[PDB]
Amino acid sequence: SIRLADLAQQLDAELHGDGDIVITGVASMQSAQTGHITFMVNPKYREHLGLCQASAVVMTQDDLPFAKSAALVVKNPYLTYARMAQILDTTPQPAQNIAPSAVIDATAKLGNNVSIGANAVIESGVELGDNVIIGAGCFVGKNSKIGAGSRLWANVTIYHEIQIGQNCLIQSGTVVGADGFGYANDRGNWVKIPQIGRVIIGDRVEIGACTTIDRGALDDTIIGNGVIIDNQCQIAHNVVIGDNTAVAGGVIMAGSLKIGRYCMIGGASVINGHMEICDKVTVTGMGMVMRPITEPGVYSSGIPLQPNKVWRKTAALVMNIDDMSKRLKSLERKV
């Protein structure tokens, strides 16, 4: 809980209204009650301010005339929302102290203020930096290193020789450092290629739930600093992702893909391997990324939904588009 003036000061906001109002949490505009602070980005919501029950609203200078409550005036309300939500965060920690049920190898090195959840399993040679938190039921494999301030939620699996930087967060069900999909073909039989590369995750990487990041074949799979990856993603062996890149849900990357910095990969995109995507590329949802991308910009693929009756026709005409080309050309020859 916090005083509105004190909150406004931490937010670098211009306070318009009672500084002594007590703020207890953040809430949506529609759910907000007394004690709650909310925010507003889209000017169309200006009319909605007159029915909002929040004690305070974060807005811009232009919105201020329309305000019906105490207002925090800022340049970027969404960003301020993120900051205030961090100050007023009610999210618990994945664990506190070191659980007696945790199985920790004697050669594991623990820094100060490390907490490890019930039934977690820490292998030999592991190094956990200061303030690392390992959630319940996690496995952290041999000789792996997790940097200061990083946190794993329950039931995360980290394989051996993995490096995770500082201030990272990984959600449950995620698996980092499993064997890449490496096999040689011997007369139709698959011969396993041991995957002895690693995964190197930089600082402030946030990874969602049920995501799989495979270890490299010989060199490493590399996730740069400040990268965000959503749920159900597949990051194959020897993928390199540049700093500050965002990967939305259910993306499938193939081996040895290299992605630049500041990219945005939309949900359920499928990306070919052994090629490069340059800096500042946006691929929209369900993108079929078959070819290298050498210039920045927004790229897309796919044909959207149609009524099933219509689609049937559309699909059949497309599968027969070559005949449709020949007939267009002969009709040109004729005239």
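Residue numbers run from 1 along the displayed sequence.
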Next item on the list: Can you let me know which of the two, 233-241 or 76-84, has the higher average C-alpha B-factor in the entry?
Entry: 76-84
Check: Which is higher in the entry, the mean Cα B factor of 167-175 or that of 141-149?
Finding: 141-149
Notebook entry, point to check: Taking the Cα B-factors listed in the entry, which of 32, 51, 268, 67 comes out highest?
Noted result: 67
Notebook entry, point to check: Based on what the PDB entry reports, which of 94, 125, 182, 100 has the top C-alpha B-factor?
Noted result: 100
Margin query: Is residue 227 in the lowest, middle or highest third of its chain when residues are ranked by C-alpha B-factor?
Written below: lowest
Margin query: Ranking every modelled residue in this chain by its Cα temperature factor as given in the entry, which third contains residue 108?
Written below: highest
Next item on the list: Determine, from the deposited record, the chain-internal third of the Cα B-factor for residue 258: lowest, middle or highest.
Entry: middle
Check: For residue 160, does the deposited CA B-factor place it in the lowest, middle or highest third of the chain?
Finding: lowest
Check: Compared with the other modelled residues in the chain, in which third is the CA B-factor of residue 198?
Finding: lowest
